[PDB]
**Q** 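Starting off with a structure, shown below.
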Amino acid sequence: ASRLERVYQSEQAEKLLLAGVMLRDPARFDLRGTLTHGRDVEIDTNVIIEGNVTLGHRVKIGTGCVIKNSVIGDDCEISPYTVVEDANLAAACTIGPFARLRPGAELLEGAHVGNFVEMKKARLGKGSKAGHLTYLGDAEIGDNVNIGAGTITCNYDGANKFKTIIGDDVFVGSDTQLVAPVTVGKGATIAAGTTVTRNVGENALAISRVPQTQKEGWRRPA
Amino acid sequence: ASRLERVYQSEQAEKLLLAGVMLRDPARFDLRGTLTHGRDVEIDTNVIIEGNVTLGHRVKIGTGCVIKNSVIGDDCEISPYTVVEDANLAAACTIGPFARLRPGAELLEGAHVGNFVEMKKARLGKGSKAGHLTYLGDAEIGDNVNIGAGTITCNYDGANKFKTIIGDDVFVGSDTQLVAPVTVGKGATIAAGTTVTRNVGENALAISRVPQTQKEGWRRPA
Amino acid sequence: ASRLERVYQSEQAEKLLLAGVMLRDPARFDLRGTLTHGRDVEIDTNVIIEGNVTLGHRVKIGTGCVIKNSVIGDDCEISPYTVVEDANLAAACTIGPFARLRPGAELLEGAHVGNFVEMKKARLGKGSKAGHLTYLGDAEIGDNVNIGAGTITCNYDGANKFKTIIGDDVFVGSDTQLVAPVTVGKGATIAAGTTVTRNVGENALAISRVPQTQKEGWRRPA
Ligand SMILES: COc1cc(OC)c(S(=O)(=O)N(c2ccccc2)c2ccc(N)cc2)cc1NC(=O)CCC(=O)O
Ligand SMILES: COc1cc(OC)c(S(=O)(=O)N(c2ccccc2)c2ccc(N)cc2)cc1NC(=O)CCC(=O)O
Ligand SMILES: COc1cc(OC)c(S(=O)(=O)N(c2ccccc2)c2ccc(N)cc2)cc1NC(=O)CCC(=O)O
């Protein structure tokens, strides 16, 4: 029953400790499947490992993380309250806190995913960053790309899903909508707030912006 | 004191186990009020139940959830780190992870609320979806509606709050602002990135989009 | 080892209880550094205190919070799953749930930060509110300001970071992009969805909006 399975958790935690994993609290750790690990792995409180998971050397997992059927490279840092399912992280990635990686999430070396970011069937290239308030679905994102806060892939049209491709060295300004299918060429810049409905050339700016105007002495409702 | 109340928690957890609830860890469960439940209910670690809560049959509650004064229908799945207060879920709803339902949140049968979604005094209809990065306040949303990632109800003008009504079979494109009060007719489509300031007719597209343009050889600051 | 350090945690929790702090579960509390507190402080389950932290009187900390090197004024309420690092809260602030305050976050008296909000090197003035789905970086925000859902400071141009200044009594409509450096004068109103690329005068409306239009009988892909 509940109590018996809980005892089995204690057993796994003890064995992990003996195998050289640093568990901050063995009473607040759960493994529901199998865990392979390198050396100097640190796991904080209330972490749940599900399915078949492998961790490299020096991986640090912060409080409250849920990691299911995932492969985590050496030196990765997973910050608090991050949920990871069927994902692969290369070496030296940093994700979270409050990141949500869904199946097909693939991060290349040194990639960063910040708070309130969701990834599904999406690859984030080497040294690339998606720091805030972003949804990346059905997307290929190249190396050295900056995905600005509020960026969203419009991948689903109510019927089908379509693919977004972003080249290397692209800057995606904040609050950009990438309307799939679309391709953004290497070195391109998307202006903040752009709705990208057409492919963008290499080294080109894409923009869809009304010039700002001002009305004086404008009074809000009382 | 602290320790005495903690003992009372152990008691409630034990009684829940005896009554047929599956608690993954009775030592990491809190009930501060009253819990009614059906059969085959599963509650993961670090769940807190507050006030008066009722759960149907086969409800699954993932790690770290906080559920206060709420009614949860049969077969609902509440994913990790979801906060629910004074809400009602019909049968077969799926919410979270990282969903925040505030008082007046009402989900009809089979509704879905995803990550980084907040609902307050808002009804989400049958089979309707709000999957990502969305705020729905003071809103009626019909059946079979797709609420795209980044959608926001602009409900508060600094003085008062106003109501948004969205009909059945509406597609709301990503990053739409619904400027209340506003009504979107059944079958309508809102283009991604639209600022909806006027009512939308049945079976109509609403759009407010600058055509994309491109400037070649555009160099970002060094 | 793990077990020894865990014993030291039990010790600190016991001492906190004896010093008049209400810990909901002393077995689910962690202090990694030093904690100073006033009277009637309440700390819920799975809270982690890191570095050197000071709390005023009547501070309430909800489940799962992580508070590092921060100063929390009297009567503050920190809601569940909120991460706070190198921040200062004045009296009577309310933050979270799912708020993420990074170093340099400074909240003045009675300020509110809601769910899925991130702050970094940003000051939020007296009685000011950032309730939802927002990133505020490198920003000064005055008193009695409403920061609408979906607001983002565009602070980083790929090379450098720039400062946003928002005056007192400003209403920032939902989904506004503040393109730094920029200054918004006292009493100004930013329309929902505006991309603010130019300074805004006192008591002025700033807007960058395509008028909504409609196409009848528009059929989505099958
Ligand atoms: C200071 O930061 C910016 C300035 C700026 O603008 C100052 C523009 S812009 O998009 O308006 N823009 C631009 C883009 C890249 C580099 C420099 C400027 C731009 C585009 C076209 C025109 N005509 C003017 C500015 C964008 C940003 N920053 C972001 O979008 C942040 C992304 C993130 O969250 O990491
Ligand atoms: C591929 O996905 C889209 C394509 C598209 O566009 C391809 C438009 S659109 O809005 O630009 N658009 C449209 C809308 C619905 C169905 C098909 C197209 C549209 C509207 C007007 C015009 N003239 C062209 C396209 C929107 C989306 N998707 C979303 O908005 C995702 C919502 C979510 O997160 O679930
Ligand atoms: C009902 O709420 C609104 C109405 C409205 O609009 C009704 C506009 S508006 O921006 O379109 N607008 C406006 C702004 C402030 C007060 C009243 C109206 C506005 C601006 C210019 C013009 N011409 C018309 C309306 C904005 C809001 N609300 C928000 O943006 C919510 C912010 C939040 O999340 O707290």
Side-chain angles (χ1 to χ4, degrees), chain A residues 46 48 64 66 81 83, chain B residues 8-9 12-13 15-17 19-109 111-124 130 136, chain C residues 24-25 28 44-46 60 62-65 79-82 96-98 115-116:
Chain A
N46 299 316
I48 305 182
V66 178
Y81 305 112
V83 173
Chain B
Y8 296 152
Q9 293 298 318
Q12 292 174 317
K15 292 182 167 169
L16 284 171
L17 287 171
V21 181
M22 181 222 80
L23 302 184
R24 300 216 71 148
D25 190 349
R28 287 186 280 172
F29 175 75
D30 293 74
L31 170 56
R32 308 172 182 163
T34 37
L35 174 64
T36 303
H37 57 87
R39 310 186 309 275
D40 301 324
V41 164
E42 304 177 16
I43 306 186
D44 210 329
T45 66
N46 299 316
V47 173
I48 305 182
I49 306 296
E50 295 171 318
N52 197 7
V53 172
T54 193
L55 309 174
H57 303 114
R58 299 170 301 274
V59 168
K60 311 198 172 38
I61 304 172
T63 191
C65 294
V66 178
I67 289 151
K68 178 167 183 183
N69 288 321
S70 292
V71 175
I72 308 300
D74 297 341
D75 293 299
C76 283
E77 295 179 343
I78 318 295
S79 288
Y81 305 112
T82 296
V83 173
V84 180
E85 189 181 5
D86 281 317
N88 296 323
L89 273 54
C93 296
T94 56
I95 64 174
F98 309 118
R100 202 287 186 83
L101 277 47
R102 291 167 61 198
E106 179 84 30
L107 279 61
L108 301 192
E109 178 172 357
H112 175 64
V113 174
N115 53 209
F116 320 126
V117 181
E118 171 189 16
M119 287 182 66
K120 181 219 76 166
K121 299 177 173 141
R123 187 156 72 155
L124 185 59
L136 295 178
Chain C
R24 300 216 71 148
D25 190 349
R28 287 186 280 172
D44 210 329
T45 66
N46 299 316
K60 311 198 172 38
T63 191
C65 294
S79 288
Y81 305 112
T82 296
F98 309 118
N115 53 209
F116 320 126

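Proteins get letters first, then strands, A, B, ... in listed order; numbering begins at 1 in each. All values below were derived from every heavy atom in this structure, side-chain atoms included, with hydrogens, water molecules and symmetry-related copies excluded.
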**Q** Considering all heavy atoms of both residues, which atom of B/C93 and which atom of B/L108 are nearest to each other, and what is their separation?
**A** SG-O, 3.1 Å
**Q** With respect to B/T94, which candidate in B/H112, B/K60, B/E77 satisfies the side chain to side chain donor-acceptor pair (under 3.5 Å) definition?
**A** B/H112
**Q** What distance separates B/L101 CG from B/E118 CD, expressed to the nearest 0.5 Å?
**A** 9.5 Å
**Q** Using the side chain to side chain contact (heavy atoms under 4.5 Å, CB included) rule, take B/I43 and B/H37 through it: C-alpha gap first, then chi angles, then the decisive distance, then the call.
**A** CA-CA 11 Å; B/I43 306 186; B/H37 57 87; over 6 Å; no
**Q** Please check this pair: side chain of B/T82 against backbone of B/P97, looking for a donor-acceptor N/O pair closer than 3.5 Å.
**A** no
**Q** Report the distance from atom CZ of B/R28 to atom OG1 of C/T45, rounding to the nearest 0.5 Å.
**A** 10.5 Å
**Q** Parallel, tilted or perpendicular: which one describes the rings of C/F98 and C/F116, with boundaries at 30° and 60°?
**A** parallel
**Q** What's the spacing between B/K68 NZ and B/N52 CG if we round to 0.5 Å?
**A** 12.0 Å
**Q** Applying side chain to side chain contact (heavy atoms under 4.5 Å, CB included) between B/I72 and each of B/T54, B/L55, B/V41, report the one that passes.
**A** B/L55
**Q** Please lay out, stage by stage, how B/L89 and B/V59 fare under the test side chain to side chain contact (heavy atoms under 4.5 Å, CB included).
**A** CA-CA 11 Å; B/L89 273 54; B/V59 168; over 6 Å; no
**Q** To the nearest 0.5 Å, what is the distance between CE on B/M119 and CG on B/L107?
**A** 4.5 Å
**Q** How far does CD1 of B/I61 sit from CD1 of B/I78, to the nearest 0.5 angstrom?
**A** 6.5 Å
**Q** Hey, could you give me the CG/CZ distance between B/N88 and B/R123, rounded to the nearest 0.5 Å?
**A** 11.0 Å
**Q** Can you name the nearest heavy-atom pair linking B/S70 to B/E85, along with the distance?
**A** OG-C, 3.8 Å
**Q** Check for a donor-acceptor pair, side chain of B/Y81 on one end and backbone N or O of A/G64 on the other, with a separation under 3.5 Å.
**A** yes
**Q** Between B/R58 and B/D40, does a salt bridge (charged side-chain N to carboxylate O under 4.0 Å, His left out) hold up when you go through it step by step?
**A** CA-CA 5 Å; B/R58 299 170 301 274; B/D40 301 324; 5.5 Å; no
**Q** Would you say that more than 12 heavy atoms from the other residues, nucleotides or ligands in this model lie under 6.0 Å from the CD of B/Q12, or not?
**A** yes
**Q** Determine the minimum heavy-atom distance between B/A90 and B/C76, stating which atoms define it.
**A** O-SG, 3.0 Å
**Q** Looking at B/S79 and B/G96, what are the two nearest heavy atoms and their distance?
**A** CB-C, 3.5 Å
**Q** Where do B/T63 and B/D44 come nearest, in terms of heavy atoms and distance?
**A** N-CB, 3.6 Å
**Q** Return the minimal non-hydrogen interatomic distance between B/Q9 and B/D30, and the atom names on each side.
**A** OE1-CA, 3.2 Å
